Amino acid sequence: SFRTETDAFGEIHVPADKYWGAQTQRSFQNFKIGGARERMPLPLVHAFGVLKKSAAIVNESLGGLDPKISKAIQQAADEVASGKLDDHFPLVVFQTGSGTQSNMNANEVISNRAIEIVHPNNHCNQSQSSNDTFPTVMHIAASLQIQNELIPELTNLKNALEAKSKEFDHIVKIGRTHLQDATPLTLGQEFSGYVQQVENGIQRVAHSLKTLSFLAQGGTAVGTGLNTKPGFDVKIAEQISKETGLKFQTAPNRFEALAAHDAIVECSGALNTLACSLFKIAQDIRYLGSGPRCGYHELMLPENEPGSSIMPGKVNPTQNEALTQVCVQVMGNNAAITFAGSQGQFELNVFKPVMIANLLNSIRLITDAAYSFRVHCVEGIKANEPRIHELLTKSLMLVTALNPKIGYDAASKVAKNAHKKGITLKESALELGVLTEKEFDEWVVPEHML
């Protein structure tokens, strides 16, 4: 079953049960690039509700719309923001580069729902263009995915990491520069580096919220105020702030805000920096936890996967593999974002959909993996104290402890001999004319090296 409808290019069969109109139906059959996987990112659909709902309130204020119509659009708009009318946004990312098609998608459905509870162009899109409106929906959603989704789960990741940092603070281990044996440090200090990276990462993405706080709405087709009442920007950007719970200003220069999306390239660059930080932590942990007999085996990773009896003690760091796979995706997504970010042309940058998609995709992926990694990995890591101690005493790096109370020549003879024999520093000092067992400890205490 269908339902004939009109636009301008004439008659067209629109599905009976869907809330969209002709324009959405015609564009849906013109840009089927990528299939359902590329279906316009949901958190962007929800932002249209917030914007259209807000568009109603602020235009009704300026007396441009009849209150009855408003109360109708508002409810319908907030039901989008709610997530009930998600199946009515079938449009893909690779559509018009200005996001015109999805904006018209929002209007058509928020219009047909308003009726049910009238005009797609004159009412819902009143005092707005497809140009100022889209880059406003980008900033809102992005801000919401970060403040509400990312940041929260990013903090948990830091706390869970800091707990273990506290938990392994007494365990002294060997440092590895150039992958080689180095002087000691606590395993807790090792993990406090991971914690600091995560912390910095939070401030980096939290800071990005600032460039996103500036909204284009009010600049219409070219950044010029035309077809808008004076102060609409300030009112709408104020109305949206009250609707989201976040503070949003209007863009100081409406041209810069439409002609380019530098605020996305920045933010992406911050997420990109975070991805580097998480790659290092995830690779370390999997190396540190590798084994059981032919690897570091310093840490013991949880076995969230079912193991074969024939291979006991074998656990693949699958939460590390999934995390590192995510991280790379972001590096690639950011790459895609910067080229598109330089491709603006005159008054408008027609690479919006592809930019905000990769940005939204990066945020979703990060949050999911950050969560998955915390719960399924870090929240259960435990130290292999016997292995760690085994490897401390076998190393020749703790030879500098003797140096002041022995002399460089004797201490090197100890190291030189122990290396050639494949014996420990204690054993070497003893077989040689150096010191005693109940004295070696008097001077070579691991925890006496900061």
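Numbers for residues come from their place in the sequence shown, where the first is 1.
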I'd like to know the size of any gap between residue 117 and residue 118, counted in deposited residues with no coordinates: none, 1 to 3, 4 to 9, or 10 or more. 4 to 9
Per the PDB entry, mean CA B-factor is higher for 189-197 or 71-79, namely for 71-79
Of 328-336 vs 237-245, the stretch with the larger average CA B-factor in the entry is 237-245
From 204, 229, 254, 164, the top C-alpha temperature factor is at 229
Hey, out of 365, 267, 124, 354, whose CA B-factor is highest in the deposited coordinates? 365
Looking at the temperature factor on the CA atom of residue 86, which third of the chain's modelled residues does it land in? highest
Modelled-residue ranking by C-alpha temperature factor, third containing residue 313: highest
Ranking every modelled residue in this chain by its Cα temperature factor as given in the entry, which third contains residue 404? highest
Could you say whether, by C-alpha temperature factor, residue 381 belongs to the lowest, middle or highest third of its chain? middle
Within this chain, which third does the Cα B-factor at residue 113 fall in: lowest, middle or highest? highest
